[PDB]
Structures are given as structure tokens and as C-alpha cells.
Amino acid sequence: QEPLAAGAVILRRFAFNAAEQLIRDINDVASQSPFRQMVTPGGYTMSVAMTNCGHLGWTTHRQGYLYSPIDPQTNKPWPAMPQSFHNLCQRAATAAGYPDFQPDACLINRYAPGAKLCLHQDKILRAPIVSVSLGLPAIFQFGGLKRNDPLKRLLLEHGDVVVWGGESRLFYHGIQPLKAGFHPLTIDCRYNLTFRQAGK
DNA sequence: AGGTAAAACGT
DNA sequence: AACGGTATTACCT
Ligand SMILES: O=C(O)CCC(=O)C(=O)O
Ligand SMILES: [Mn+2]
């Protein structure tokens, strides 16, 4: 449990023991709602490929960003949140000092070599974010409330969990372009799980 | 009024 | 290649 910011902590290798099962469940989720690279409102295809599980999934469309109960690619509900995901999330939230967190949304990100996520805030209720890294390492940027607030850069390795909330809830953060490499469990990619409470 | 796109090129 | 401009507006509710 390392002090990233007010309300924020990195729990290194927290999910290491759970990771094989987590990855099996990512595969099961994506067999129903496939990974897709979404298109921004501005018309650019994101380098990260995404899917979701739980009641609500994050998606883009022409008018903005949206949490939706329906996957617009399949026209069916997102797959149910795996119990492995929910149990890990709750354990990590508890360890980070957010014992009452009840997520209803899990965004699954797959990073191939070169994929990034430019600095952004998680907007759209005042609950924490629990963010689980799997596979290849990546450099995570964590800033402040303003885009030009100085950035901490942290290598996130397989099994690391970052939790933010309270004063750091809306802080800008991001992922630098993924370096190529090998990981025994994911082979050639990084996955992240982002748990939120997106609904009432 | 106030929130949201940019979760996306030049130096 | 780290930093910051752009939304310094347009278009919604
Ligand atoms: O991949 C990560 O560690 C961060 C992902 C993220 O910020 C998001 O999906 O909103
Ligand atoms: Mn985010």
C-alpha cells in the first residue's frame, strides 16, 4: 500500500495470485462481448481495444461518452461481472480504504504494443476507481485536477492494483505507449480492469 | 449557465 | 520525447 495521492494508493502485486483466473474470465467475457477499438466522437479509432462486463459499460458514440447497459456491437447486455472480478475488486477496495465500494461496471482494456491512453479524467456519484494491471508492464501517468498539473509516472506490473477516490477521484491519468515484450500469461499484451460505480 | 468533447499534433 | 495546445468553441440541456 504506497501513498500515490490523497485518497489514492498502489497495491503492488495485489492481484498476482488471482491473475490466472482473472485472465480466464477476461476470455469468457470477450467471447460474448468482443474486444473492439472504439471510435471517438471526433472520428479517431482508439489504440486500446475495449469491452465491458457488469450492468454498465463505457462506450463512445457520436454524441459523447456513455455508460450503457447494452453493448452497441452485439445489441445485448454486457456479460455479467465475473465473481473473480467482483471478489478481487472488493478485496482491493477494502485494502485501499474503500470498504463500501460496490461496482456495477468493469471496463476491460487490452493494450497491444504501441497502444496508449492519453491523459483523461474518469467522469460520470462519488465512488472510487479500482484499476487492475495484467500482463506486460506499462507506464501509468497520474496527475492532478488540471491537465497541466505535474505527473507522477509509475511502472505498473502484472498484478498491480491502483485505487483512487475522494480528493483524487477526478485526477487526470493515462498510459504511455506500450513497449513490446513477453509475459507468460498474456503472451504479448497488457490488460487492465477498471471497476466503477457508474449507476445509482 | 454549465458540462462535454480531446480516453484525440507541434515543439 | 516530455510537455502542452486545442475546446481561446460548438452544441447540448
Ligand atoms: O490501463 C490503465 O491502467 C488505465 C485505464 C483507464 O484509465 C481507463 O480505462 O479509464
Ligand atoms: Mn481512466
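Below, each value reflects all heavy atoms present in this structure, side chains not excepted, and no hydrogens, waters or symmetry copies. Sequence lines set the chain letters: A, B, ... in the order given, protein chains first and strands last, and positions in each chain run from 1.
In terms of position along DNA chain B, the nucleotide closest to A:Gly64 lies nearer the 5' end than the nucleotide closest to the other residue of the pair A:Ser47 and A:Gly64.
Base pairing analysis places B:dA7 opposite nothing; no Watson-Crick or G-U wobble pair with both distances below 3.5 Å involves it. Pairing for C:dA7 is absent, judged as Watson-Crick or G-U wobble with the two contacts each under 3.5 Å.
When the side-chain nitrogen and oxygen atoms of A:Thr40 are compared with OP1 and OP2 of B:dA7, none of them lie within a distance under 4.0 Å.
Tested against A:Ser133 for a side-chain hydrogen bond (donor to acceptor under 3.5 Å, both in side chains), the candidates A:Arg190, A:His158, A:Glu157 yield a single pass: A:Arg190.
In summary, A:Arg36 and A:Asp71 engage in a salt bridge, as defined by a charged side-chain N under 4.0 Å from a carboxylate O.
Between the P atom of C:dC3 and the CG atom of A:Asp149 lies a distance of 13 Å, rounded to the nearest Å. Spacing between atom CG of A:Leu119 and atom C1' of C:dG5 amounts to 14 Å, rounded to whole angstrom units. Here C:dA2 presents its P atom at 14 Å from CZ of A:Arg147, a figure rounded to the nearest Å. In this entry the distance linking CD1 of A:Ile175 with P of B:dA8 reads 12 Å, nearest Å. When rounded to the nearest whole Å, the span between CD of A:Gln176 and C1' of C:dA2 equals 8 Å. Distance, A:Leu117 CG to B:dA5 P: 14 Å, rounded to whole Å. In this structure, A:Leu170 atom CG and B:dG3 atom P are separated by 12 Å, rounded to whole Å. Across the protein-nucleic acid pair, A:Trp58 atom CH2 and B:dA5 atom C1' stand 11 Å apart, rounded to whole Å.
Here, C:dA10 and C:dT6 have their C1' atoms 14 Å apart, quoted to the whole Å. Spacing of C1' atoms, B:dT4 relative to B:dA8, comes out at 14 Å, to the nearest Å. Atom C1' of B:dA6 sits at a distance of 16 Å from the matching atom of C:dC3, rounded to the whole Å. Between C:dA7 and B:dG2, the two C1' atoms lie 14 Å apart (nearest whole Å). Rounded to whole Å, the separation between the P atoms of C:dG5 and C:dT9 comes to 15 Å.
Among the nucleotides B:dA5, C:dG4, B:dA8, the one closest to the side chain of A:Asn148 is C:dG4.
Using the sign of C1'-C2'-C3'-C4' as the criterion, B:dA8 is classed as a north pucker.
Between A:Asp188 and A:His183, the side chains place no donor N or O within less than 3.5 Å of an acceptor N or O (distance only, hydrogens not considered).
Contacts of A:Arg153 with the nucleic acid, taken as non-hydrogen atoms under 4.0 Å apart, involve only primed sugar atoms and P, OP1 or OP2.
Per the stacking criterion (ring centres < 5.5 Å, plane angle < 30°), A:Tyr172 does not stack onto the base of B:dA7.
Ring to ring, A:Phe171 and A:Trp164 are not that close: their centroids are 6.0 angstrom or more apart.
The main-chain N or O of A:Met46 is found under 3.5 Å from a side-chain atom of A:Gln37 such that the two form a donor-acceptor pair.
Counting non-hydrogen atoms of other residues, nucleotides and ligands closer than 6.0 Å to CD of A:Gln73 gives a total above 12.
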